Q: 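The structure follows.
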Number of protein chains: 6
Amino acid sequence: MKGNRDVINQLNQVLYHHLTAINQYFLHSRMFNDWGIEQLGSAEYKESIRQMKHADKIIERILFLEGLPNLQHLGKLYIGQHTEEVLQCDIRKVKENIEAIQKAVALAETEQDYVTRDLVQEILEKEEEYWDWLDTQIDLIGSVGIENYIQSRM
Amino acid sequence: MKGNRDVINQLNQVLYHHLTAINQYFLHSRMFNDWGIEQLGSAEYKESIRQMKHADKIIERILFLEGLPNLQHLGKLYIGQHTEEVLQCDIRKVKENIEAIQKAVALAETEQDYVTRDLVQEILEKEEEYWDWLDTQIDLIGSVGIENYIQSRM
Amino acid sequence: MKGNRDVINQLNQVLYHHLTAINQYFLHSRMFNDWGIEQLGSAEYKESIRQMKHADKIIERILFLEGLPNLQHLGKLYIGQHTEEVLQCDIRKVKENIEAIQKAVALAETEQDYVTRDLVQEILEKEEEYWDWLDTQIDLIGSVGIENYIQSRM
Amino acid sequence: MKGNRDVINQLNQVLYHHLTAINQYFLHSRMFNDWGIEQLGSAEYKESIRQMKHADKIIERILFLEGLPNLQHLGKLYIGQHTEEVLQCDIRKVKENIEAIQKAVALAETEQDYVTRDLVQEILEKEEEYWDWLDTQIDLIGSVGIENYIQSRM
Amino acid sequence: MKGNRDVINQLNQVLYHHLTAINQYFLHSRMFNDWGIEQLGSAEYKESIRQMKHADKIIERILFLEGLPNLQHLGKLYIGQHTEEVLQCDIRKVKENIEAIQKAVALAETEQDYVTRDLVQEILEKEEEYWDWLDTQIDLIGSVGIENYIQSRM
Amino acid sequence: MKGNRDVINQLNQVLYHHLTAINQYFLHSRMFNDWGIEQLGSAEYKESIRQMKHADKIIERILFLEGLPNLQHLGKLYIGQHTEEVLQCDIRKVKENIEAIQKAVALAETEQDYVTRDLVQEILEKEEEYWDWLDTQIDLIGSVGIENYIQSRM
Ligand code: HEM
Ligand code: HEM
Ligand code: HEM
């Protein structure tokens with residue numbers, strides 16, 4: 001293939017994690033909506049769409065490199081049963097995403113696939129943003145209490 | 001739970017097929033784009049998005065009925081290696097979708113879940129449309145030849 | 001020089017307090033934002049910008065009077081560790097600002113620098129407004145409780 | 001000079017390749033137009049202009065670094081005599097561009113000229129895009145036949 | 001903290017230099033205006049605002065990494081007494097900025113904080129732009145003479 | 001071939017001079033910009049683009065006449081080291097351009113290639129305009145002095 005095989009394999013790992021995140025965040029969105037917590041339903045939906053866009057770019061990059069995108073398998077979904085637990089499940093997932101993306105950055109650099117590096121660098125910045133937003137929600141549950149926090153996210 | 005357990009379980013079967021169809025069709029879109037056959041890339045993307053909307057509607061219906069939507073599992077993706085084979089892989093997938101939807105209609109009717117029936121009846125109408133479109137593409141390959149057919153779908 | 005030396009020196013005292021207030025308020029803004037308390041982040045940003053405009057007006061007045069604006073030095077920043085303490089740190093800072101401004105008004109009047117007096121009198125009016133706003137926030141924390149107060153300032 | 005001499009020398013190599021590509025793609029554009037294959041005439045023109053823009057940015061970067069941009073010499077032009085051969089000649093050229101750009105990225109990194117690195121990283125992404133487009137045209141000539149392919153590019 | 005401690009410390013160094021540059025350029029702006037050299041007053045103001053924006057992004061990045069932004073201290077201000085000397089003082093300052101930013105890029109890379117790296121890479125590009133503009137003004141004073149140069153910058 | 005071989009060969013001589021002029025003028029533009037003399041940067045850019053359009057028209061004319069445009073070779077670039085020398089280098093280049101164009105007009109007339117003659121006659125009119133502009137700049141340097149002249153072209 002035109003691309004580096006090891007780079008292609010790690011891009012498929014990143015895709016695996018994006019595919020997993022799409023489904024986790026999407027179900028979390030619809031669970032929050034079913035509960036009437038509509039603003040967190042929206043935030044989870046937006047991040048699900050963001051993950052879908054990430055996956056699209058990785059698939060297209062893998063195909064350009066003449067590799068085979070792997071959409072057949074998923075990782076473990078972390079599904080919470082109440083608001084605070086959902087947030088902690090998302091935190092667990094985004095940390096997995098970031099670790100995989102960081103290793104893709106490091107590997108692309110070593111193999112001199114600089115365009116791939118910049119692609120996953122762009123995704124990483126957004127994953128840090130979602131991690132930050134989740135951390136903030138946890139702290140706010142601490143500051144205002146879970147009853148006030150949910151009320152605010154209706 | 002408020003909904004019927006067998007109806008709930010068959011809705012998760014329909015969701016499984018939609019989630020699987022999402023990934024098959026989306027990959028086929030990007031492969032057609034990778035091959036330079038952009039009108040088939042676009043058609044496949046549109047059908048993937050429709051499957052995404054179908055899955056959304058089913059997830060929301062399962063949650064209202066107080067069941068647990070299952071997004072953890074995926075079926076076999078039928079991935080083609082050239083234009084004609086891709087179309088045949090899609091035909092195989094939509095036939096699986098339609099069969100699961102038909103059993104959901106029949107079962108929803110029996111259990112007097114008339115609102116679920118109407119939801120899955122609407123999805124069925126769209127699945128028949130995609131099936132018809134695929135049949136037409138295969139016939140057109142026969143009528144005009146694969147070289148003219150691909151040329152037309154650039 | 002064309003201006004009065006004591007007036008010039010007290011204007012640099014006012015500038016010192018504005019420069020210090022810029023940094024305290026700006027950091028408090030970004031800390032509130034980091035905590036998810038965005039309306040207090042916004043209020044603190046607005047007051048930092050006002051302090052930036054105050055400092056600008058004083059610098060321009062010192063230069064017209066042919067003195068040397070001193071931007072090299074900073075006072076103690078009072079940095080809080082939670083919402084209520086931040087507000088109290090700001091109250092301490094604005095009280096220092098107002099005291100320096102009041103001495104500038106009194107001294108400008110004595111030395112018949114009536115244009116400088118009016119400049120610092122305008123700044124004072126705005127500093128009293130920020131002081132009033134801070135007092136109100138503290139009272140509101142008392143009336144509604146810190147959990148409701150923070151919830152409201154998200 | 002303010003810049004690193006070795007970095008400057010490699011930037012002049014990249015410029016050499018951009019200057020060469022401008023002329024190859026431009027002549028190919030006008031040859032396709034002379035043949036009546038106007039859509040490939042347009043694609044070659046757009047890429048010629050893109051190469052001109054690349055050259056502009058490299059020249060300006062070399063001058064900022066206090067080096068001497070070398071516009072006096074050109075590399076070998078690969079000029080095809082029929083559609084498929086033209087595409088293969090462009091593929092040969094873009095591969096030369098990318099190799100020179102990749103070595104510029106690697107060298108800028110080692111010498112800690114991070115702004116130069118980002119400049120050539122941006123160009124590289126576009127060169128990969130043109131390489132991809134060319135690969136696609138070759139495959140389409142395979143899929144639809146050269147007679148249909150040219151017809152489509154009129 | 002979630003961030004790397006050494007990266008956080010170097011980000012605080014970059015902030016230190018941005019805080020210093022804000023004040024130097026701002027005073028230089030108002031000094032040029034006091035002298036009637038309004039176009040250089042404007043250029044210094046714009047760059048002061050640019051430095052303020054740089055500082056904002058670094059503060060927010062430090063807080064995201066769970067570090068403590070240090071706004072309490074400033075570096076030495078280089079304040080000129082006539083047009084050419086002001087420009088040379090700014091040149092001294094921007095070189096300090098760039099050295100600190102380059103070491104932040106190198107350190108972020110080593111510790112695999114790739115989003116921080118991209119943030120300071122973006123700032124660096126702008127600092128090179130201001131350095132270039134300053135170099136140009138010095139040369140123009142050489143070409144046209146200081147009397148013509150100031151006249152032009154009124 | 002459909003065109004006259006000697007006419008075809010002289011058209012390639014004109015193209016050679018345009019391609020050479022493109023590069024000289026474009027570099028002069030970016031050098032003037034690098035020096036802060038932006039109105040001369042702009043004037044030189046405009047003349048480079050005109051030379052690019054001239055080269056395009058000649059390439060298209062050679063191809064219609066079924067000859068082979070030669071873009072592989074370049075003449076001596078006359079690169080100045082200061083404003084006055086640059087202008088003199090441009091004067092030398094446009095004089096070469098005009099001489100090649102004049103021989104193309106005379107030869108096209110002899111061989112009754114009246115359409116080619118009119119094409120090169122139009123280009124000549126524009127080359128005389130650039131020659132006139134350059135002469136004016138040199139005279140203006142004499143009338144106002146180089147320091148005022150450069151000041152005016154900032
Ligand atoms: C499996 C990999 C998937 C990929 C690559 C993918 C890709 C995309 C893309 C590219 C878009 C358009 C984004 C935009 O234009 O703003 C989109 C939209 C959407 N996706 Fe997905 N998607 C995936 C899975 C899913 C799943 C599993 C669901 C539901 C559980 C879903 C639900 C949606 C919805 C509801 C939309 C909005 C469509 C619209 O309103 O137009 N997606 N997806
Ligand atoms: C000390 C760190 C500072 C930071 C982080 C900071 C930050 C900012 C920011 C983020 C803006 C808005 C920029 C925009 O939206 O375009 C701004 C504007 C401004 N700053 Fe600062 N600033 C600082 C210090 C100063 C100082 C010391 C002065 C005066 C000597 C100053 C004078 C101004 C002025 C006059 C404006 C324009 C405000 C307006 O017209 O809306 N700043 N600053
Ligand atoms: C040799 C190095 C060259 C450089 C750095 C260069 C640079 C440029 C630039 C910066 C533009 C404007 C792009 C834009 O604003 O969109 C341009 C336009 C153009 N160039 Fe070049 N160019 C070069 C050579 C050539 C050559 C050799 C030709 C012809 C064979 C050519 C033909 C054109 C044409 C036809 C245009 C469009 C101008 C217009 O319609 O405004 N260029 N070039």
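Lettering of chains follows the sequences in order, A, B, ..., and the numbering in each one begins at 1. In listed order, ligands and their atoms are each counted from 1.
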Q: Does any N or O in the side chain of A:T20 come within less than 3.5 Å of the main-chain N or O of A:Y16, such that one atom is a donor and the other an acceptor?
A: yes
Q: Does only the side chain of E:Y25 get under 4.0 Å from ligand 2, or the backbone, or both, or neither? Count heavy atoms.
A: neither
Q: Which ligand 1 atoms, with their elements, are less than 4.0 angstrom from a heavy-atom of A:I49?
A: 18 (C), 19 (C), 20 (N), 36 (C)
Q: Numbering the atoms of ligand 1 from 1, which are under 4.0 Å from a heavy atom of A:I22?
A: 2 (C), 3 (C), 24 (C), 25 (C)
Q: What do we get for E:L19 next to ligand 2 when only non-hydrogen atoms under 4.0 Å count, side chain, backbone, both or neither?
A: side chain
Q: Which residue from B:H18, B:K53, B:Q24, A:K53 reaches closest to atom 40 (O) of ligand 1 through any of its heavy atoms?
A: B:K53
Q: Distance under 4.0 Å to a non-hydrogen atom of B:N23: what atoms of ligand 1 satisfy this?
A: 1 (C), 2 (C)
Q: Report yes if some heavy atom in the side chain of F:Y78 is under 4.5 Å from a heavy atom in the side chain of F:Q24; otherwise report no.
A: yes
Q: E:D90: which residues meet the side chain to side chain donor-acceptor pair (under 3.5 Å) condition with it, sequence neighbours left out?
A: E:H28, E:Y130
Q: Give the single entry among B:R50, A:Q51, B:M52, A:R30 that approaches atom 43 (N) of ligand 1 most closely by any heavy atom.
A: B:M52
Q: Are side-chain heavy atoms of B:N33 and B:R30 found at a separation under 4.5 Å?
A: yes
Q: Going from CG on C:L119 to CD on C:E60, what distance comes out if it is rounded to the nearest 0.5 angstrom?
A: 9.5 Å
Q: Under 4.0 Å, counting heavy atoms only: does B:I59 come that close to any atom of ligand 1?
A: yes
